[PDB]
């Protein structure tokens, strides 16, 4: 689905931005766009799960992954708002493990 692809690309491009950021505002802005992308992608049905039921275990698993991902973005956003550039970057790298094991397999 087009919207879902754009939100997923926004999530992954803005991860790259975070690692090469030099200040806190850079990190916070990237996390801002990841959060708004994750809020939309959270609601979508990935194409591999189009036929599934919305209460299927795969859709439950897809939605729980984005709950974790949104929780992780919020943790990193808390660190960026305190000025802790490096800790916010370390908290951003945590998203990669959730992305692979939970969400990427369904896209």
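Residue numbers count along the first chain shown, from 1.
Margin query: When the Cα temperature factors in the entry are averaged, is it 36-44 or 49-57 that ends up higher?
Written below: Higher of the two, by average CA B-factor, is 49-57.
Next item on the list: Determine, from the deposited record, the chain-internal third of the Cα B-factor for residue 88: lowest, middle or highest.
Entry: Ranked within chain, residue 88 CA B lands in the middle tercile.
Checklist line | Relative C-alpha B-factor of residue 1, binned into the chain's lowest, middle or highest third | finding: As the PDB entry reports it, the C-alpha B-factor of residue 1 lands in the highest third of its chain.
Checklist line | residue 64 by Cα B-factor - lowest, middle or highest third of the modelled chain | finding: Ranked within chain, residue 64 CA B lands in the lowest tercile.
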